[PDB]
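Going down the list, the sequences are from chains A, B, C and D. Start counting at 1 in the first sequence, then tack on 420, and there's your number in the UniProt record's numbering. Start counting at 1 in the second sequence, then tack on 420, and there's your number in the UniProt record's numbering. Start counting at 1 in the third sequence, then tack on 630, and there's your number in the UniProt record's numbering. Start counting at 1 in the fourth sequence, then tack on 105, and there's your number in the UniProt record's numbering. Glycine included, each C-beta is placed from N, C-alpha and C at the ideal position. Beneath this line is the structure, given in structure tokens, with notes to follow.
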Amino acid sequence: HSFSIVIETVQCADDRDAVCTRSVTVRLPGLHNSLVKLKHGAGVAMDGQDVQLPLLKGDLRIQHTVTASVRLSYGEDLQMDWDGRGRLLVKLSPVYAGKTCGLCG
Amino acid sequence: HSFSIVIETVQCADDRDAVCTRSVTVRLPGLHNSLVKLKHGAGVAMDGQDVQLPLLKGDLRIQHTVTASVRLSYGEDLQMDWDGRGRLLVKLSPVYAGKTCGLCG
Amino acid sequence: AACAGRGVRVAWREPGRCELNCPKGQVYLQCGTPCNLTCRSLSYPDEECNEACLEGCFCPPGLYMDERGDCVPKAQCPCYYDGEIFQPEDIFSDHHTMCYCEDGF
Amino acid sequence: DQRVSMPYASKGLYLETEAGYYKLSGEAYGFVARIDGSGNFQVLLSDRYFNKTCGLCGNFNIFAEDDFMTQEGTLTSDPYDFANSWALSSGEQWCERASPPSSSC
Ligand SMILES: *[C@@H]1O[C@H](CO)[C@@H](O)[C@H](O)[C@H]1NC(C)=O
Ligand SMILES: *[C@@H]1O[C@H](CO)[C@@H](O)[C@H](O)[C@H]1NC(C)=O
Ligand SMILES: [Ca+2]
Numbered sequence: 421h422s423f424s425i426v427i428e429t430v431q432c433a434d435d436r437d438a439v440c441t442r443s444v445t446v447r448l449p450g451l452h453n454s455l456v457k458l459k460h461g462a463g464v465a466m467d468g469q470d471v472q473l474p475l476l477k478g479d480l481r482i483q484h485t486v487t488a489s490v491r492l493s494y495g496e497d498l499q500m501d502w503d504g505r506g507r508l509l510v511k512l513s514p515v516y517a518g519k520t521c522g523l524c525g
Numbered sequence: 421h422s423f424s425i426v427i428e429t430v431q432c433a434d435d436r437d438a439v440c441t442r443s444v445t446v447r448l449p450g451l452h453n454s455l456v457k458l459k460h461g462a463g464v465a466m467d468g469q470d471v472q473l474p475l476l477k478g479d480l481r482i483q484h485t486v487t488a489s490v491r492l493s494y495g496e497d498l499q500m501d502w503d504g505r506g507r508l509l510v511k512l513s514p515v516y517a518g519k520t521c522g523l524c525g
Numbered sequence: 631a632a633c634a635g636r637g638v639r640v641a642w643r644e645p646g647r648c649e650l651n652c653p654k655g656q657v658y659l660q661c662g663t664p665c666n667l668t669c670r671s672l673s674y675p676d677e678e679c680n681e682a683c684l685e686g687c688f689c690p691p692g693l694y695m696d697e698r699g700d701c702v703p704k705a706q707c708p709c710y711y712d713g714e715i716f717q718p719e720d721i722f723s724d725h726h727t728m729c730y731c732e733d734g735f
Numbered sequence: 106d107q108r109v110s111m112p113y114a115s116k117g118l119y120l121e122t123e124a125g126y127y128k129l130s131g132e133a134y135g136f137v138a139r140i141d142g143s144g145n146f147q148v149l150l151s152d153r154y155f156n157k158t159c160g161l162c163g164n165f166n167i168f169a170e171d172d173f174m175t176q177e178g179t180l181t182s183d184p185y186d187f188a189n190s191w192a193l194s195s196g197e198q199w200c201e202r203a204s205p206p207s208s209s210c
């Protein structure tokens, strides 16, 4: 239970087939159960407080990429990259191999 | 004890006579003992977390003025206007007449 | 992006498809380094950065990027200190310290 | 800004071409200044200013290690910090931060 990533999906057009992720939510139990929410438009909130970037807070680091995408890091072993339009890339180091669960396998 | 405003003064040039306010701190006991800090450069922090603006949080309402100055409101009886370079204007409704204390009288 | 992850870079954008219209005077690069783009990099030069290059909008080689997204020479970058933004040539002195902002540091 | 010709005497100050070098005597104020033919400045300051002066010439107390006091009232190991601390600007000349020049040796 080092981390927990949840995605909120909504229909993103008139078509029934157009469903894309609106926002992302990340729990970090080791960081006093912090609840980061990566929002549409590349905004970030933490425990419901909208936060100003870059954010350095213990192992957690959040900053804007050159692409304006929000890049989140937590230690060395977890990283995320959220473009705000619906694209999310989660990179785990080998430390989490076999330990993971969810849609990502 | 509706509110409490504190200013941090530093020497702002080589001269001994050049002392100006660097940052402002505001306690709001009625807002669960929140601690707002208005920083140099017109940033804002709340309980140590750098917050994105505008912030609406109960009675508290913090937003950038057209001049880029942070305007903080709390209820309708207290208001502040911080330019980030050292100018601070605090406005009190008549409700606080005679109740106030500090350098402002 | 998958190709770049496998180390293969493709010049796929063209006028007829998906050009990045970069803000203001920033220039699009297919492979640019993010480590020394923002003026915070000047303010925190000892924070190690080894990130690979990426496509995006970067300032021309001689200019750094400020909060507004404007490309500025390092002489014009503000200095970030204790989470506060100081303008170029700013000076302050405290009970414990005397500081001044020059060249973004 | 009005030009005057030597020799000149006014309000206790005497400008004279003593020994072929431009003198500026201030006996009443307790100082004598001089410029030699090659541009070297000179200042002689009376004993009454022992331990009561400060500037690029340093204080005047036989201890030489403490001459680099800045206008902020603190010592510094860097001559340039000291000197720039003792800069004076005017309405047609605002002082830039001086720094050591490049050299070969
Ligand atoms: C940043 O680093 C690159 C590569 O090391 C270099 O070419 C460039 O001059 C540096 N400075 C800026 C402002 O890009
Ligand atoms: C010089 O002035 C300083 C500061 O007032 C004082 O501490 C010191 O005793 C004085 N005399 C000498 C010889 O330094
Ligand atoms: Ca001395």
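Residue-chain proximity (residue i, chain B), Cβ-Cβ < 8 Å
i, result
"residue 431 (chain A)", "no"
"residue 714 (chain C)", "yes"
"residue 735 (chain C)", "no"
"residue 671 (chain C)", "no"
"residue 700 (chain C)", "no"
"residue 696 (chain C)", "no"
"residue 195 (chain D)", "no"
"residue 190 (chain D)", "yes"
is_contact[residue i, chain D] using C-beta, thresh 8 Å
i, result
"residue 435 (chain B)", "yes"
"residue 728 (chain C)", "yes"
"residue 732 (chain C)", "yes"
Interface flag, residue i vs chain A, CB-CB below 8 Å
i, result
"residue 718 (chain C)", "no"
"residue 637 (chain C)", "no"
"residue 688 (chain C)", "yes"
"residue 684 (chain C)", "yes"
C-beta neighbour in chain C for residue i, strict 8 Å
i, result
"residue 459 (chain B)", "yes"
"residue 470 (chain B)", "yes"
"residue 202 (chain D)", "yes"
"residue 488 (chain B)", "no"
"residue 463 (chain B)", "yes"
Check: residue i C-beta below 7 Å from any heavy atom of ligand 1
i, result
"residue 694 (chain C)", "yes"
"residue 520 (chain A)", "no"
"residue 487 (chain A)", "no"
"residue 474 (chain A)", "no"
"residue 738 (chain C)", "What is shown of chain C runs 631 to 735, which leaves residue 738 (chain C) out entirely."
"residue 663 (chain C)", "yes"
"residue 666 (chain C)", "yes"
"residue 691 (chain C)", "yes"
Classification of residue i by the beta-carbon crowding that lies within 10 angstroms, buried from 16 upward
i, result
"residue 434 (chain B)", "buried"
"residue 478 (chain A)", "exposed"
"residue 431 (chain A)", "exposed"
"residue 176 (chain D)", "buried"
"residue 199 (chain D)", "exposed"
"residue 639 (chain C)", "exposed"
"residue 695 (chain C)", "buried"
"residue 167 (chain D)", "exposed"
"residue 492 (chain A)", "buried"
"residue 642 (chain C)", "exposed"
"residue 523 (chain A)", "exposed"
"residue 721 (chain C)", "buried"
"residue 466 (chain A)", "buried"
"residue 453 (chain A)", "exposed"
"residue 155 (chain D)", "exposed"
"residue 708 (chain C)", "buried"
"residue 170 (chain D)", "exposed"
beta-carbon residue i near ligand 3 non-hydrogen atom, thresh 7 Å
i, result
"residue 169 (chain D)", "yes"
"residue 160 (chain D)", "no"
"residue 497 (chain A)", "no"
"residue 172 (chain D)", "yes"
"residue 178 (chain D)", "no"
"residue 713 (chain C)", "no"
"residue 163 (chain D)", "yes"
Any non-hydrogen atom of ligand 2 within 7 Å of residue i CB
i, result
"residue 166 (chain D)", "yes"
"residue 156 (chain D)", "yes"
Exercise. Determine which residues of the region 154-183 of chain D have a Cβ less than 8 Å from any Cβ of chain B, and write them out in chain order.
Key: 175, 176, 177 and 178
Quiz item: Contact between the region 645-662 of chain C and the region 675-695 of chain C: three or more CB pairs below 8 Å?
Solution: yes
Quiz prompt | Touching by the beta-carbon criterion (3+ pairs, under 8 Å), the region 427-439 of chain B and the region 485-504 of chain A | solution = no
Quiz item: Got a sec: which bits of the region 435-453 of chain A sit with their beta carbon under 7 Å from any beta carbon on chain C, in order along the chain?
Solution: none
Quiz item: Counting pairs of Cβ atoms below 8 Å between the region 461-477 of chain B and the region 460-480 of chain A, do you hit three or more?
Solution: yes
Quiz prompt | Touch test, the region 454-471 of chain A against the region 502-518 of chain A, Cβ-Cβ under 8 Å, three pairs minimum | solution = yes
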